[PDB]
Every structure is written in structure tokens, then in C-alpha cells.
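Read the single chain below, which is given as C-alpha cells and is the form deposited in one PDB entry.
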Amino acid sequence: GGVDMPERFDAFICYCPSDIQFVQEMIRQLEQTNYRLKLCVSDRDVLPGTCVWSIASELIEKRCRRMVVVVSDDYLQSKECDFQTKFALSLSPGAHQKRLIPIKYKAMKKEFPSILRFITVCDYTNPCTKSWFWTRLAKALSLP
């Protein structure tokens, strides 16, 4: 009986503490789609009421198919961004679009991270794509 703890994950969610409220909203919404996503973060304890799992940093590239990147002005200054930027720069040609899913959720005064310049963004601020935003993100994350 019961629920298993995953060995491999659909995605790691990379975010700085300033953006935790967005991540809390995202996880609940993704859990309310017709998918059973396997999601991980550095510390599940700060995301109560969710099905997310904790993962050691050194295991992320090996065990996560993709990385969701929550981008904001605050994020650009964070150690979490340092980790994600190094991760992105470690990737071979073609791997960036296959493994990175950047999300914007509020206005930014700063330019988007250099390494994400050719990467498709999930823009939560655009009302024109809002109705199916979470469903489409969940489908994207569920794919190999």
C-alpha cells in the first residue's frame, strides 16, 4: 500500500525565497491538472500541503529531466540563480531548450538572464495565455 518516493523527477523547481508565494501557487495548480508530476525542490519543508520532494543539489542534473526557473528581479541576485546559471552553462548545444523552462510571473525592471535569451518563456503575466497556462505547463513537464 501507499505512495512511493521517486528516484527520478520530471523537474527541479529553481527559485529564490522572494518568489516562494508564486511557487506555492504553481505547485498547487500543477497538482490540480490531469497529470501526476514528480517535482522536486531543495527543501520541501517550506512548501507545506504539497506533494513535492526534496533533492540534494549534487543529484539534480542526473535525476531531473528539466529545470523550472522562476525569474524575477530578485532572482537575478540570488544564489539560486548562480546554481541555475552554472547548470545551464554546463549543458551541451541543443540541451538548453530541452531542459530549461523559465517562468515570468510579475513585471521586471531588469533584462531576462543572458543564458535564457533563446529559450521559450512561460509568461504567467500574459492574460491571453492564462486559461490553459497550468495545464500546458503540466503537459510540457510530463514529456520525455
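Whichever C-alpha set is largest while still superposing within 1.5 Å between the two forms counts as the rigid core. Just count from 1 along the sequence shown to find any residue number.
Not pictured, yet referred to below: the form deposited in another entry.
Measuring CA movement between the shown form and the other one with the rigid core aligned, the set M108, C51, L76, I119 has one residue at 2 Å or more: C51. Core-superposed comparison between the shown form and the other one: the C-alpha position of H96 differs by no less than 2 Å. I60 shows a C-alpha shift of 2 Å or greater between the shown form and the other one [criterion: core-superposed Cα displacement of 2 Å]. With a change of no less than 3 Å, the CA-CA distance between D45 and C40 is smaller in that other deposited form than in the form shown. Between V70 and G49, the Cα distance is greater in that other deposited form than in this structure, by no less than 3 angstroms.
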